[PDB]
Structure formats: structure tokens, C-alpha cells
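[1] Sharing an experimental structure here, sequence included.
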Amino acid sequence: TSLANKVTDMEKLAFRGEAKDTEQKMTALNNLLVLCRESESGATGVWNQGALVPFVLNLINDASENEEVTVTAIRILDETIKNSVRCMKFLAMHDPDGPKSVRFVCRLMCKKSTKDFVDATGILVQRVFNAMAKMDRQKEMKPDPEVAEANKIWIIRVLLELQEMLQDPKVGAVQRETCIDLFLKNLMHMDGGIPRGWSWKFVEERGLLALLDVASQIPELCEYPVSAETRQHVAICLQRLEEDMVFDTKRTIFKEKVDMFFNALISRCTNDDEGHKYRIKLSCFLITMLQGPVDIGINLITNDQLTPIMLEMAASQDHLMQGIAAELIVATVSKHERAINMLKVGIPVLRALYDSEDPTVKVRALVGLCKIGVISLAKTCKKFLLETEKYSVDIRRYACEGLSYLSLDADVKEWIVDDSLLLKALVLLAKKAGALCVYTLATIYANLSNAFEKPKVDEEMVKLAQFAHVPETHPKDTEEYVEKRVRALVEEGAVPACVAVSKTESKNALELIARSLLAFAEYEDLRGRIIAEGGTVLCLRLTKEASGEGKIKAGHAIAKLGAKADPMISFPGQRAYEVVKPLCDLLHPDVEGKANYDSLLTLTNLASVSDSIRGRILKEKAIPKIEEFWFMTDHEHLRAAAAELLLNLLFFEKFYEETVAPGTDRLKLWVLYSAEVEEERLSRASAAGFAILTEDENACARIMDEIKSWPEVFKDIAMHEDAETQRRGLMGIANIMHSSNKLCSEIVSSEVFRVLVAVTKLXXXXXXXXXXXXXX
């Protein structure tokens with residue numbers, strides 16, 4: 001009950017009214033947040049047989065309450081409901097009836113409208129999917145199809161609630177975006193979500209049609225709160241659904257639903273004033289197509305009825321319809337040349353739309369010209385981006401899109417870096433617009449470190465063509481120029497712009513960020529600074545929630561950050577514990593990036609702090625991964641780092657005894673690696689670990705009987721070239737004869753006895769041998 005008394009103290013100071021100051025209540029909250037996050041017993045005591053949730057719910061219903069206080073209560077509650085027992089008890093505890101308690105939890109995001117509150121409520125619904133299917137996107141934990149169908153009736157209640165909230169006009173835009181992010185993360189089994197057939201039921205049901213209505217929206221024309229940030233949340237989850245319809249029976253069915261939606265819209269494309277807005281919703285739809293499931297929409301681009309309606313709304317006198325046509329046709333330009341089958345005619349059209357002076361039309365007319373790139377267009381975007389107070393963030397998003405399309409040229413990149421106040425504009429963009437511009441800003445960082453071509457898989461064949469005068473390499477992609485670009489970007493703060501746009505799910509763009517971060521951590525002087533701005537929080541979240549292709553680079557960037565770092569400053573606690581899972585999955589010897597040595601140096605720094613660090617590594621089946629690098633003969637950086645890792649990992653009690661255990665043949669290599677003693681890197685480890693292993697008597701007996709031809713090894717480490725390897729080894733031999741006298745009896749009768757007595761007459765092993773002599 002000392003637990004039960006220490007939750008009573010923090011209980012009165014949070015809920016039962018013991019506070020004459022806000023920050024001391026914040027102190028009790030931050031104490032409980034640490035307290036529940038440290039043990040499961042914290043989540044037991046704070047639960048208090050369910051006494052927690054009503055205190056919190058009467059806290060949320062304050063209009064006078066600070067933001068960070070309430071969000072702190074949620075940061076406790078979602079940690080509380082990580083138990084599957086407690087969360088399922090929580091789910092229906094808000095109504096004797098089932099589905100109204102379901103809707104009461106789903107409408108918890110509509111209490112307030114700050115971005116932080118809505119992102120933490122989406123963590124609350126996330127932990128529910130983690131309670132039902134027993135799945136985890138954070139720990140790559142697959143669901144159990146046993147327990148999914150065991151409580152299917154709860155799930156259908158939830159899906160109805162969500163597809164109710166998607167067309168519920170009483171719900172604001174930032175919350176509706178967060179619902180869509182829950183469909184992206186937790187639904188798809190291709191993304192490790194709800195299993196097969198579930199998404200087939202959703203398509204067979206009317207929820208897909210709700211999403212198609214949502215893609216046909218804008219903040220300017222809506223029936224319900226939509227922001228411009230919403231569409232990029234829609235288009236990804238639509239492409240992820242296309243990634244989840246694995247059978248061509250179902251892709252047949254998917255094309256069959258969406259054509260009914262489309263042809264109903266074109267049945268409603270009339271010239272009437274009612275009929276204009278269906279043309280505008282078609283324009284909002286097709287751009288949402290091209291941003292995501294590019295594949296289906298081009299099959300609808302070949303429909304030839306489209307482009308005269310594009311001309312009608314361009315000749316219309318409403319400027320909203322013309323600005324939306326500009327951003328339509330600029331999304332039409334693809335990497336498929338049959339888009340030009342529609343696009344070959346509209347080339348001068350936007351060339352005319354720049355001539356109009358409406359700026360909302362103008363910046364959308366500026367992009368695309370940026371796509372087909374000529375340095376004067378960069379001079380023009382220069383004009384829009386530097387103007388901050390006058391222009392809105394909705395306009396200044398499009399200039400970033402135009403400049404990312406301009407950043408394909410190598411020579412314009414240098415003109416970009418020569419500006420500093422541009423970057424001042426970039427940080428004041430990302431920290432004011434938040435996560436609004438992620439595809440494009442990451443597209444720029446990829447172009448700056450040349451991270452698109454960072455898959456240099458084709459350069460191996462290009463130099464095979466050079467094995468046979470004609471081509472043109474370009475000098476602005478030389479390693480020194482990129483070192484200039486990158487040191488300029490780190491000097492003017494790319495990292496806080498990265499974490500402010502990190503609140504999305506865009507694996508296209510989150511790939512582009514990981515690729516840029518990997519080139520950023522190439523140099524050691526700035527990576528401590530990158531860590532100083534929270535880059536570790538960023539990279540770990542990246543390797544948890546990016547594209548699977550980007551996770552290799554994400555963990556590799558994590559590996560470069562912590563190579564020779566002090567891990568206590570660079571990784572506090574919970575941040576350190578989750579480090580093990582990503583990089584142990586990167587150790588594939590058949591891959592062999594220059595990541596493996598970075599991996600092992602990181603882990604060896606990690607293994608020196610605490611037992612909970614090094615214990616969680618063995619659970620990850622790291623040991624068979626480390627042994628194969630430790631079996632290698634050719635490499636030098638790898639095997640000694642695996643040895644120094646395995647040097648530090650013998651502090652763990654159980655691993656110390658797994659090596660002494662009779663099933664393994666590892667103690668052979670701990671001494672034979674002191675014998676092939678051409679180098680000092682591996683010999684120093686295999687003699688220090690030997691000095692640790694031989695303090696145990698049963699470990700000494702397994703040396704002699706299990707090693708044929710052993711005194712040859714000991715005479716080699718006695719008549720020894722290096723001095724440090726030899727002196728560590730001799731104390732690990734000194735404790736042998738201290739242990740058992742029958743083994744020491746097999747030492748005087750052996751060959752090595754004469755060189756042992758030879759060395760004592762010359763440093764530290766001298767009195768070790770003298771101690772050995774006392775046995776007789």
C-alpha cells in the first residue's frame with residue numbers, strides 16, 4: 001500500500017483539489033507520468049480499480065484548463081490502457097449499452113481542437129486497436145487472428161462510429177484528419193493491422209464511398225470541416241487501400257465501385273449554377289487521385305471528355321475555379337508520357353494563367369512551370385517566399401512545391417544555399433505551418449544531399465559502361481560541394497523543421513527525410529548537435545512508422561548518430577530501451593552496408609550502462625547475428641567490434657553462464673582468438689574475456705577436456721608478441737590454478753610451465769604466478 005499511499009498523495013494534488021499553483025499540479029502529473037511509465041505496478045496503482053478515468057473526464061470538461069495539463073492526463077491514461085484487461089474494461093464502462101460507450105470514446109477528440117489534444121486522443125484509439133487484436137505497430141507485433149474473431153462484435157461497432165464521424169458535420173477538420181490517420185495505421189494488414197477480408201467488407205460497404213466524398217472537398221467548398229492538410233491524409237490512405245486489395249477479383253470490384261461514383265459526378269456536370277460545384281468537386285477528387293493511387297487515375301485520364309471541362313473552368317470568371325484548375329493540371333504531369341495525350345494542349349494555358357494577378361491563382365500557376373524546368377522562375381518564387389507577414393501559410397506552401405520541383409537542377413542548388421535568409425524563411429515556414437508541407441520540403445532535402453540517386457544501384461552498371469568519352473558528369477554533385485551544402489543546413493537548423501513536419505504518415509516523404517538524415521550524419525562534429533535538437537526522438541519514430549524501405553536507412557542514421565557518443569546524454573531511459581529492436585533487424589550480413597561496424601560500436605557503448613539494456617538484447621535473438629560476424633576471417637572492423645560487444649555483454653549473469661553451458665562450443669573461440677594473434681584488436685578482447693571467464697572453477701574444467709592440443713595455445717600466448725594481450729591472459733590463467741589443483745597438476749606436467757616460470761623473473765602477472773605457486 002506504499003504504492004497505494006503514493007498514488008493518494010498525487011491524487012489529491014491532481015483531481016481532488018490540492019493546488020494553489022498550476023506548475024505544482026504539473027509536477028504531480030509529471031511525477032505520475034514517469035511513475036506509471038517505469039513499472040506495470042504504476043499502471044496498476046494509478047488505475048485504482050478504475051478510479052482514474054472519472055477524475056480525468058471531469059478534468060477534460062474544464063474550459064479554463066491549461067492545454068499541457070490535460071494532455072498530461074492523457075499521457076498517463078494511454079500508458080494505463082496498454083493492458084488488454086484494463087482497456088477492454090475501459091471500453092464499455094461509459095454506458096450500460098455497448099455502442100454508445102463506443103461513441104463516447106470516439107467523440108473524445110471533439111472536446112477540444114488543439115493539434116496536441118487531438119494527436120493524443122488518436123493515441124488513445126490506437127491503444128484500443130492494440131488491445132483488441134493484440135497488435136502493435138510500435139513493436140512490429142502482429143495481431144492474433146484467434147482473438148480478432150473472438151471479439152469481432154466490438155470492432156464492427158467501432159468501424160460504424162468512424163465512418164459516422166467521417167460524414168458527421170458536427171466534427172471539426174483536425175479531428176476528422178486524425179480519424180483518417182487511424183484508418184491508415186491500424187486498418188491495413190499489409191501495414192500490420194486488422195487482418196484480411198476486413199478491408200474487403202469495408203469496400204463492400206459504404207465507407208469507401210465516404211472517402212470518395214472526402215477526396216472531393218476543399219476548405220473553400222465543403223459540407224463539413226475540411227482543411228487543405230486533409231487531402232494529403234486522404235490520398236495516402238487511398239493508395240494504402242489499393243496496396244491492401246491483393247486479389248485481382250477485389251481490384252476488379254474496386255474499379256467497379258469507383259466508376260459508379262465518377263460517372264454519377266459526370267451525370268451531374270451540368271452548366272447550371274448548381275452544376276458548377278460538381279465540376280469543382282471533380283477537380284478536388286482527381287488531384288487526390290494523383291497524389292496517391294496514381295495508377296487508377298491515369299486510367300481515368302485517358303477518358304477524353306475531361307480536358308474541355310478543364311478549359312471551361314479555366315475560361316470561367318470565377319477565380320476559385322481557375323486556381324483549382326491550375327493545381328489540377330500541374331498534378332497531371334507524371335512519369336507516364338500518355339498523360340501528355342491530354343497535356344500536350346494545355347501548355348500555353350497556364351502560361352496565360354500566370355498573367356492574371358490574382359495571387360491565389362498566381363502561385364498555383366507558378367508551380368508546374370517549376371515542374372517542367374529558367375532561373376527567373378526561381379527568382380519569382382524567391383519573391384513569394386521571403387514575404388512572411390503579408391502572405392498566408394496556404395500560399396507559401398505552394399511556393400515550396402514549386403521550388404522542390406526546381407531543385408532537380410544541380411546548379412540552382414548552390415544558388416539556394418548561398419541564401420541564408422531563405423532558410424530563415426524555411427524554418428519560419430515549417431514551425432508556423434507545421435506538418436503542412438512534408439512531401440515538398442523532404443523533396444528539397446533529398447535533392448540537396450542528392451538522396452534520390454542515393455540508391456546508387458545503377459552506378460555499379462554505369463561504371464561497367466565506363467569499362468568500355470561521350471557522357472557528361474556534373475561537378476555540382478561532388479562530395480565537397482555536398483559537404484558545404486550540409487554544413488550550411490545544419491548551421492541553420494534543418495532538425496527542428498524535421499520534427500515539426502514529423503506528425504504525418506507520408507511514407508513517400510518520410511522516406512525522403514530518412515534519406516536526407518543519413519547524409520547529414522556523415523560527419524561527426526555536427527551529429528552531437530543533431531542529437532542536441534532531439535534528432536534521436538525523430539529517427540526512432542521514423543524507423544517505427546516509415547516505409548519499410550526507409551527503415552533500413554532510418555536505423556542506419558540512428559547507427560551513425562550514436563557511434564562514439566556518450567549514451568546517457570544522447571539517450572535517456574525509455575528512449576534507450578527501444579533502440580535495440582530496429583538496429584538488430586539491420587544486422588543482415590548478406591546486406592553489408594557500412595552500417596555493421598556502426599551498429600556494433602553503438603551497442604558496445606550501450607552495454608556499459610545498466611543490466612536492463614544488455615538483457616533486452618539477447619531477447620532479440622541478437623546472439624546468432626553477432627556470432628557470424630565473430631566467425632569472420634577477412635574483416636577487421638567487424639570482428640573486433642563484435643568482440644568488444646561480447647566483452648561488455650559478459651556482465652549479464654545469464655549470458656556468462658550460457659557461454660559456460662555444455663551445449664555450446666564457444667569457449668573454444670574465446671581462447672583460439674587469442675592464439676591467431678596476428679592482430680591486437682581481437683586478441684585484447686579474447687584475453688580480457690578470458691580473464692573474466694576463468695574466475696569460475698567449472699569454466700576452468702571445460703577448457704582442458706574440451707580442447708585437444710591446448711598447451712600449444714598457452715605456450716603461444718606465453719611466448720607472446722604483444723604485452724597487453726599476454727598480461728591479461730596470464731591473470732585469466734592465474735585464476736585457473738587458483739581454482740582446481742588437479743588442473744594445476746596438469747599444468748606442471750605440461751609444456752607451458754617453463755614459459756610461465758620464465759616471465760616472473762623480469763609484470764603484473766608476476767605475483768599472479770607467485771599466487772599460483774602457493775597451491776603446492
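    Right, received. Where do you want to start? Residues are numbered from 1 along each chain as shown.

[2] hey, let's count contacts and neighbours off CA atoms from now on
    Will do.

[3] domains for this structure, by residue range?
    367-456+475-561, 572-651, 661-776 (automatic domain parsing).

[4] do you know which of those lies nearest residue 264?
    Among the domains of the chain, domain 367-456+475-561 comes nearest to residue 264, with 30.2 Å by CA to CA.

[5] end-to-end on that closest one?
    Domain 367-456+475-561 stretches 36 Å from its first residue to its last (CA to CA, to the nearest Å).

[6] Just send the domains of the chain back as TSV, with mean neighbour count and distance to residue 301 too.
    Shown next, in TSV, are the domains of the chain (neighbours: other CA atoms under 10 Å; distance: least, CA to CA, whole Å):
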stretch	mean neighbour count	distance to residue 301
domain 367-456+475-561	19	18
domain 572-651	18	41
domain 661-776	17	63
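
[7] Make a markdown table out of these and add distance to residue 147.
    Formatted as a markdown table, these follow (distance: least, CA to CA, whole Å):
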| stretch | distance to residue 147 |
| --- | --- |
| domain 367-456+475-561 | 24 |
| domain 572-651 | 25 |
| domain 661-776 | 37 |
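
[8] pretty sure residue 604 is touching residue 648, no?
    Yes: the criterion here is CA atoms under 8 Å, and residue 604 meets it with residue 648 at 6.7 Å.

[9] Mind jotting down where the helices sit in the stretch 101-250 of the chain?
    For the stretch 101-250 of the chain, the helices defined by DSSP state H, counting those that start in this stretch occupy 115-132, 145-150, 152-166, 173-182, 198-204, 207-215, 228-244, 248-267.

[10] Distance to residue 94 added to those helices, as CSV?
    Shown next, in CSV, are these (distance: least, CA to CA, whole Å):
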stretch, distance to residue 94
helix 115-132, 15
helix 145-150, 22
helix 152-166, 14
helix 173-182, 21
helix 198-204, 26
helix 207-215, 26
helix 228-244, 30
helix 248-267, 37
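
[11] Residue 326 is nearest to which of those helices?
    Per CA to CA, nearest to residue 326 of the helices of the stretch 101-250 of the chain: helix 228-244, 15.7 Å.

[12] Could you find the closest non-adjacent residue to the residue most central in space within the chain?
    For the chain, the residue nearest the mean C-alpha position is residue 542 (1.5 Å; CA atoms, centre = their mean). Nearest residue to residue 542, sequence neighbours excluded (CA to CA, 6 or more residues apart in numbering): residue 554, at 6.4 Å.

[13] Surely that neighbour touches residue 539?
    Yes: with contact defined as CA under 8 Å, residue 554 counts as touching residue 539 (6.2 Å).

[14] intersection of neighbour lists for the two?
    Residues touching both residue 554 and residue 539 (CA atoms under 8 Å, 6 or more residues apart in numbering): residue 514.

[15] all helices for the stretch 651-776 of the chain, in order.
    According to DSSP H, counting those that start in this stretch, the helices that the stretch 651-776 of the chain contains are 653-660, 666-675, 681-693, 697-706, 710-718, 724-739, 741-748, 753-759, 764-773.

[16] Ok, which of the ones you listed comes nearest residue 56?
    Residue 56 sits nearest to helix 653-660 of all the helices of the stretch 651-776 of the chain, at 43.0 Å, using CA to CA.

[17] which residues touch residue 750?
    residue 711.

[18] now do residue 90
    For residue 90, the contacting residues are residue 81, by CA under 8 Å, 6+ apart.

[19] out of everything not next to it in sequence, what's closest to residue 684?
    Leaving aside its sequence neighbours, residue 684 sits nearest to residue 725 (CA to CA, 6+ apart; 4.9 Å).

[20] re earlier: just checking, the residue nearest to residue 542 is part of a strand?
    No: assessed with DSSP: H, G, I helix; E, B strand; the rest coil, residue 554 is helix; it does not lie in a strand.

[21] Relative to residue 10, how far out is it?
    Taking CA to CA as the measure, residue 554 falls 39 Å from residue 10.

[22] Same check on residue 234?
    With distances taken as CA to CA, residue 234 is found 42 Å from residue 10.

[23] quick one on the thing from earlier: pretty sure the residue nearest to the centre of the chain contacts residue 553?
    No: Residue 542 is beyond contact range of residue 553, at 9.8 Å (criterion: CA under 8 Å).

[24] what residues are shared contacts of those two?
    Common neighbours of residue 542 and residue 553 (criterion: CA under 8 Å, 6+ apart): residue 514.

[25] one step back: between residue 234 and residue 10, which is the more surrounded one?
    Using other CA atoms under 10 Å as the criterion, residue 234 and residue 10 rank with residue 234 on top: 24 against 19.

[26] ok, that one - contacts?
    Contacts for residue 234 (CA under 8 Å, 6+ apart) come out as 180, 211, 214, 215, 288.

[27] and what of residue 383?
    Residue 383 is in contact with no residue at all, counting by CA under 8 Å, 6+ apart.

[28] element containing it, please.
    In this structure, residue 383 sits in helix 376-386 according to DSSP states H and E.

[29] Now do that helix: distance to the chain's middle.
    Centroid separation for helix 376-386 versus its chain: 33 Å, with CA atoms, centre = their mean, to the nearest Å.

[30] Kindly report the same for stretch 127-147.
    18 Å.

[31] in it, what's buried?
    Neighbour counts over stretch 127-147 (16 or more other CA atoms under 10 Å) mark 127-137, 142-143 as buried.

[32] Distance check, the residue lying closest to residue 510 once chain neighbours are set aside against residue 143.
    Leaving aside its sequence neighbours, residue 510 sits nearest to residue 546 (CA to CA, 6+ apart; 5.8 Å). As judged by CA to CA, residue 546 and residue 143 stand 19 Å apart.

[33] does residue 373 count as helix, strand or coil?
    Reducing the assignment at residue 373 to three states with three-state DSSP gives coil.

[34] show me the contacts for it.
    405, 406.

[35] Now do it against residue 759, distance only.
    Applying CA to CA, the value for residue 373 to residue 759 is 76 Å.

[36] before we move on, what about residue 393?
    78 Å.

[37] what sits against the residue nearest to residue 542?
    Per CA under 8 Å, 6+ apart, neighbours of residue 554: 514, 515, 517, 518, 539, 540, 542, 543.

[38] One more: residue 677?
    If you count contacts by CA under 8 Å, 6+ apart, residue 677 has them with residue 683.

[39] Identify all contacting residues around stretch 198-216.
    Residues from elsewhere that reach stretch 198-216, judged by CA under 8 Å, 6+ apart: 163, 166-167, 187-188, 231, 234-235, 241, 244-245, 250, 254, 261, 281-285, 288.

[40] And the helices in the stretch 351-500 of the chain?
    Secondary structure of the stretch 351-500 of the chain (DSSP H, counting those that start in this stretch): helices at 359-366, 376-386, 393-406, 410-418, 421-433, 438-448, 459-466, 479-491, 494-500.
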